[PDB]
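There are 2 protein chains.
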Amino acid sequence: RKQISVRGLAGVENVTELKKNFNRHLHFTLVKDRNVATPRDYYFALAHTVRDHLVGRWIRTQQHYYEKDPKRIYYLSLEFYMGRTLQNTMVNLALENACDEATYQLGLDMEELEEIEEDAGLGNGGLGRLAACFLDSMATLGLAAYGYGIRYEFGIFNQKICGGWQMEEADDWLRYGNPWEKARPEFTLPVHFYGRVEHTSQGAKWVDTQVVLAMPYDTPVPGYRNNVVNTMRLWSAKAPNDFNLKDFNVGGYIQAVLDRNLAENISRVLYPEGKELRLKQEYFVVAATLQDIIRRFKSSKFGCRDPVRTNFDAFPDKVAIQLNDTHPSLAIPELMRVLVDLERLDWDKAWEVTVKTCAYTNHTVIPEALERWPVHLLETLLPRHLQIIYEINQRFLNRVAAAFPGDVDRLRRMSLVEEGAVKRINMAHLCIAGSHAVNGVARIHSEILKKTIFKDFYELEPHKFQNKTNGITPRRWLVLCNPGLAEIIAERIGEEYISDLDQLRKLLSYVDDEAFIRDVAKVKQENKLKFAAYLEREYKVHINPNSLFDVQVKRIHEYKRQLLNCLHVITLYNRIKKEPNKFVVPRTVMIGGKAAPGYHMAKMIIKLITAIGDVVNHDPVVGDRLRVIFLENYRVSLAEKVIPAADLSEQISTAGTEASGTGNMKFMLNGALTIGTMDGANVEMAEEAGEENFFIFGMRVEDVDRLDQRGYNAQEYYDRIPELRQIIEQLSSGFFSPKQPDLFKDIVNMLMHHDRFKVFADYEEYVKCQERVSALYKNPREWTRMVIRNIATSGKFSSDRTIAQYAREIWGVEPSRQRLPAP
Amino acid sequence: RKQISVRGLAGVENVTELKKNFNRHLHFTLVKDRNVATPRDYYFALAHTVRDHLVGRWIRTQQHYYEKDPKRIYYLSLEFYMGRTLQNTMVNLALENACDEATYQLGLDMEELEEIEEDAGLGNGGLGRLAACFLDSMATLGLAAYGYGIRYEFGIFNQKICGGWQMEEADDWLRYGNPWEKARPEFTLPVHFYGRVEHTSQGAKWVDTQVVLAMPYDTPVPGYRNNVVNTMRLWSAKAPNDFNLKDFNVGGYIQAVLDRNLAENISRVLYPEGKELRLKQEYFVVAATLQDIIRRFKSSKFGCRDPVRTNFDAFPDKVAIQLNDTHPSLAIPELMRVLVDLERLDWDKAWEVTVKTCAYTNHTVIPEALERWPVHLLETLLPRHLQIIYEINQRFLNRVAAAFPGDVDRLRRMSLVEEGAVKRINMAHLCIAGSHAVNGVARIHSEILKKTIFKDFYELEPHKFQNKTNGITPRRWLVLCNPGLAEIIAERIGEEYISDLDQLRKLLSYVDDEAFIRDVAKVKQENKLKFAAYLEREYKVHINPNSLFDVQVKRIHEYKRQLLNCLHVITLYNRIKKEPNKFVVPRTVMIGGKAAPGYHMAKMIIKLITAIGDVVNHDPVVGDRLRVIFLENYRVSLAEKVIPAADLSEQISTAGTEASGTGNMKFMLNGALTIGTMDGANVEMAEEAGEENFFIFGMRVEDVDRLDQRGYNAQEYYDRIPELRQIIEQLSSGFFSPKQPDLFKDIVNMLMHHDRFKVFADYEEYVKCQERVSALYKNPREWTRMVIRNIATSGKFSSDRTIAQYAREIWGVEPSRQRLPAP
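Line by line, the protein sequences give chains D and C. With the authors' numbering applied, the first sequence covers 10 to 281, 287 to 837. With the authors' numbering applied, the second sequence covers 10 to 281, 287 to 837.
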């Protein structure tokens, strides 16, 4: 009876007894054979093999925390950007080149198979990709972290450059199935919606509700090489499949069928403010999750164990809910609703635990883009919750009054309920009220949630504000992505670095050495040949390799400045042309990110970049003196192979607009010079690397704040800076497009007359700087010099670090670097 | 490529190497362990374990036919009443023993786990059951055969008699999946609804249609110990839904997200009238399969003996289509629409081939019941099919005129268009024109299709009409259901019988061997007591495993007299009650059968039994001399359990209504004596058995026609038979319903004033039989003597023989009983 144990299921490190497993699954799982099986079949066969070799470990980890009962720390997020599991299972488990030998002794090619894998489309950018990284490093740091979010049938679109434009051609990543996940029909809970309250003797009822079933799916995330492998648990919406008539509800009219789609497509599309669905989605992910959070606190070990009627006195000891951004916020009104209403905890006692369990990571530098909801939206889907939100509030605000008698303008600046032309609830204030700890994403930024945006909140509970300077992850962002460069490091410092990281600091001593100089430009010249290969293979281009390899891969969006780039690269096309022999360093510039539907300036700016392309790379006057590639469909699998041929990381956003920056850290690692306007995280990177090692141009936070106080007007620069007069002219007189001359005319007036982001004011400073970048390119080795002093610097911009910080001052729980036995 | 071999995995016969994979499926394939895992995960880990045995042999057989290249025969049926895999998968492949031993040692009672499997609601009744036996024997007889059905997500209801009334209840059998089915998304093909027929060039096109995608799901069908495993390809109707921006359709208005629903539920449900849903389901199956048949005809091997068209010339030699009932019928215009429109063969080359290729099995004896569909319905979802039924109908009538020159009414009776109020097409006459053979499913029923129902048709193509009487399979319905009856029979004649049932005739020499007579009786006694325990466990009331087990389990319908049984039952009830001290042979009548929603007298007659048993199973005056049990939710599962435990087999259909039986041949075989009218099925079953060993009773067909001349007037028997007049007044005063007397009034009134099925005509002689029954049963020695005589002569009813004749006489292919090796 006890003979159903984890014993024997594989022979690990054996090329041959996993060569017995690639066969096992092709036949018995996939029901295919060698005369009929396809590439995508042998990737699904390989996918399964490394997977039994994951879920072995997953049983015993999972076993461990029942016995050992840690504080289970759930990270709540509506975006989870993983993106290609196979290789990353292989390294954090070991089996990679022991999977390479089997799959060539078999006669395949594990790298050709690897590219059959669609990206696990649960994201869009850095809110998913941060947590996707924190999921790797919590798993490595011994921590009992659970990641819970929603499983999107389609994620967010796949982009398509056609005619120069973006066509958002949808991503059905999951149609051929997904190796890595397990469905769990057995642990389906309901999500109730709409309904109404109805009070009784002891509490209140929220009867009359519509329901949407919550079905869980388990991807696992391995910890790096210490054998603990954790659970992502992502929800799927099932419409109640009582339907055809039961309740006799359709009777007189079927059209409640419109429930089936408007409920069930909670789970089909991720977004790219004013939407019942974004809130329905939001309430979906927190309800199901928190019901599961309560069943491991009771059932799994406290099922039996009480003391205090298995009260929640020991809840905050055992559980910690970390709301990433404002999208989990209904975790405070829903947690309060279950403890008070379903169990029967005092409003006061239940709110005790609530704040103690919860804390909230803050991502915006802007107060204007900070989630708030309409009360008519609340009150109708969520009545009890519009009611508990009202009640948390005067309770909070009287606590404010105790600490500020008579200061009336604060009971409307602290308030939960916004007023006037649509009374809204400010969700970020709701969070700060029930979260014992808020953190800024960068140092600077935590200051500006003290000094500017939650000033009152920091005056009254001074201490909730923490800082955790968000990093990246060695495994993904050095080892998978640039292994030639993780090759030449290993043996010098000791592999202790990938899970203990400012040790990168040693290679600093190694700078001078003219071995390391010639060493590294190979990685970068090989990389710039392999990526300059891939370029022409998928899609196609005609490139240098050797070029200055210049890249900026962000969202196409005004305040990140793809535009500043475009002006400059029209200075470059035009001066090199003017004197056609005017030698300068030939750059291949790559701009790329998706836009966001119903964003025409961010549709326009793709089109200017795909208007240039034509006249530069096809004006064979220029030849290979200048090239601008647009990266169609930039996502996490492209993220790990363009930072790779990063000479130049152009992170050129207006000062004080970026709240931080993550795809900038995994750039001064791979060997990339970061040239950009100072704010966000372009800062601490230079406070580490030294300003002289960086290339910080242009304005700053402080003199930008100056500028819109004595009038900012971009023209004035139009009348002075003679080449910008040139490029504005040629921009406007159908140079790029003879067929539609006017075309970039909506962008001219934008650039001229209502430029919120001062693209023209940071022009000149940018060019008498990217002259310092070009002229230094062709000083081919003291170029290669600084590219080491950036690498050495690293360990703060590593998410292991950040997780230890969250671990330690906010959660409690002490980290680990120990290897759990077996597999 | 060679390294990836089948060579195996199959340590096969080995306990250790499969306690070992019941562990892998529990930990690595299902991801559970002994601390989380429940019964469902254990049966599923067993279920998964056996089908690695199953799918290796699947691989191997499929390969074989690719190599050999046999004539393949596809069998279209809208119901495959598959019912419960595992125990049969294990007996057809031998692992009852090893799987028992491995789960013995594991701590798991292998009986218990089995009864967690959900009966696959891919069927409804007899029409579904013969296909399933026609697939077991198509596989034991080595034929290259396919099963093409609909993968009903929910199926026809679950009976749930609540307080006495049949409640309808949905069946999601596949909640926690199906281990046995393997979805083949690679083979999704489109099914074209509605549209316009535009005419051009050498042909016609069908433009403007609406695609639904038919997605295939493969299930293995293993043969008893011969190592072949054939296919069953079920089609899932998955709505084309890229309905999110694409086509400039949604947004404008998502009024039209109904092609989600009425595309999607071509497969959510099975039926119980003029429904476009029923015809949409009928064409969906046909579109997805004929395009899959030609997919396989074109791909496996033939487009090289292409000498001529991958010729359809040879299509009838590599293909054979069986049309079980007129439901696959649109397959004769679909195999004409592709061959003519698409392939571009001659119209008379498409008919020469369409008639040589497909064939029609008919199952009816009552003509109204022959299928018809309105040309308004066809002119719409099937524009071009209407035009192929219109040129078929026209050319067939030429054939007819020349054959019977001048007979203007023969042209109007031999037609496929048919009008009066609503111009319908006759689908059964469509089948005779497009099939090389038409066949009855029983001897006399096959005569009265050329004697009466298609007689003109017959005279014009006499050579099409064959017969083939129905049969059970020896494996599910004697080995699985009754392994007890199985040891004893094999101990004497050997085990060659399972694959050749006529060897049961050999047991007829052991009639007078009173070891065997006390032995068979033993056998039937544990059967009656493992079953009698089913009852006070799942369900209850009181059993007495001695009594004469009298089951009638047909579906609830007026033409099959559940009512005659109700009246015999209270006649015994009353004789037991006026004269308590008389000795009476006690009986337990068990009536089970799924009524059929909408139909009220079936609804109402079930409430009879659920009120007769309440009144008589609570009479401490009778004590236990009678008990009446409605068997809730008859399915393949309880037939397994019921036919096994029964003594009398109640087959009381009105003479002239039944065509052939199939339910009978399971009780005849498992040693039960038929009581039954001479009518279609009971007739070959008494040719073999000898009338002696049957309880033939009452009214014969021309006895039914004698009274259907002079006229039925039930009242003449009411005032000529006192024991009837007796219970009409039991009913009418409301004995069985003290709170609602008048409840069974419309039954009383039906019965007398308009009983189209002649309950009272048969009453007196059916009773003078029930009690001769009671004579022989109270004579256990001579009961078994007559029961030996049943089980021995029943061999003619193996589907191994009904198939041995289709194959031979119709499909062409010749039966084979040899092994393959298949690791």
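Ideal placement from N, C-alpha and C gives every residue a C-beta, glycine not left out.
query                                                                                                                    : result
Closest residue to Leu271 of chain C among C:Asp339, C:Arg424, C:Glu110, C:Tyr203 (Cα-Cα distance)                       : C:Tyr203
Against chain D: residues of the region 181-200 of chain C by CB proximity under 9 Å                                     : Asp181, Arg184, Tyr185, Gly186, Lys191, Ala192, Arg193, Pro194, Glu195
Range covered by the alpha helix (DSSP H) that runs through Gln72 of chain D                                             : 48-77
Closer than 8 Å to chain C by CB, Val40 of chain D                                                                       : yes
Three CB pairs or more closer than 8 Å across the region 822-832 of chain D and the region 740-755 of chain D            : no
Nearest-angstrom Cβ-Cβ length linking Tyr613 of chain C and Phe771 of chain C, presumed shorter than 8 Å                 : So it is not a contact: roughly 14 Å between Cβ atoms.
Chain C within 8 Å of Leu18 of chain D, Cβ atoms only                                                                    : yes
Proximal chain D residues relative to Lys29 of chain C, where beta-carbon distance stays under 8 Å                       : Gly17
Straight-line gap, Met699 of chain D to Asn167 of chain D (C-alpha atoms, nearest Å)                                     : 32 Å
Pairwise C-alpha distance: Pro48 of chain C and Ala19 of chain D                                                         : 26 Å
Proximity of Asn484 of chain C and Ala659 of chain C at Cβ, strictly below 8 Å                                           : no
Integer Cβ distance of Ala129 of chain C from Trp182 of chain C, believed to fall under 8 Å                              : 6 Å
Spatial distance of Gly134 of chain C from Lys536 of chain C (CA atoms)                                                  : 31 Å
The alpha helix (DSSP H) enclosing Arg734 of chain D, as first and last residue numbers                                  : 731-734
Endpoints, beta strand (DSSP E) assigned at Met224 of chain C                                                            : 219-231
Selection of the region 109-122 of chain D by Cβ proximity to chain C, strictly under 8 Å                                : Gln114, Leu115, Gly116
Proximity winner among C:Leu411, C:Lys332, C:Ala213, relative to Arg358 of chain C (alpha-carbon distances)              : C:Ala213
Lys680 of chain C, buried or exposed, once every other Cβ within 10 Å from all chains shown has been counted against 16  : buried
Where the alpha helix (DSSP H) through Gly498 of chain D begins and ends                                                 : 497-507
CB of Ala154 of chain C within 8 Å of CB of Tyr84 of chain C, strictly                                                   : yes
Cβ-Cβ separation, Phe252 of chain C to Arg269 of chain C (assumed contact under 8 Å), whole Å                            : 7 Å
Proximity to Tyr74 of chain D [Cα-Cα], best of D:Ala415, D:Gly132, D:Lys332                                              : D:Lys332
Whole-angstrom distance between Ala141 of chain D and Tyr90 of chain D, CA atom to CA atom                               : 5 Å
C-beta contact flag for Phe31 of chain C and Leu115 of chain C at 8 Å                                                    : yes
For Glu528 of chain D and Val718 of chain D, the rounded distance between their alpha carbons                            : 43 Å
When D:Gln740, D:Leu683, D:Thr25, D:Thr668 are compared against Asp661 of chain D, the one with the closest alpha-carbon : D:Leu683
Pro476 of chain C versus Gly137 of chain C: straight-line alpha-carbon distance, rounded                                 : 29 Å
DSSP state of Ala695 of chain C mapped onto helix, strand, coil                                                          : helix
CB of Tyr226 of chain D within 8 Å of CB of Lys191 of chain D, strictly                                                  : yes
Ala373 of chain C - containing beta strand (DSSP E), residue span                                                        : 372-375
Residues in the region 239-267 of chain C having any Cβ partner in chain D nearer than 7 Å                               : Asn253, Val266
Short Cβ contact (8 Å threshold) for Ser663 of chain C with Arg601 of chain C                                            : no
Stretch pair the region 574-591 of chain D + the region 772-784 of chain D: three plus CB contacts closer than 8 Å       : yes
Reduced DSSP secondary structure (H/G/I, E/B, other) of residue 283 of chain D                                           : In the structure shown, chain D runs from 281 directly to 287, leaving residue 283 of chain D without coordinates.
is_contact[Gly156 of chain C, chain D] using C-beta, thresh 8 Å                                                          : no
Chain D residues whose Cβ lies nearer than 8 Å to that of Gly65 of chain C                                               : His36, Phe37
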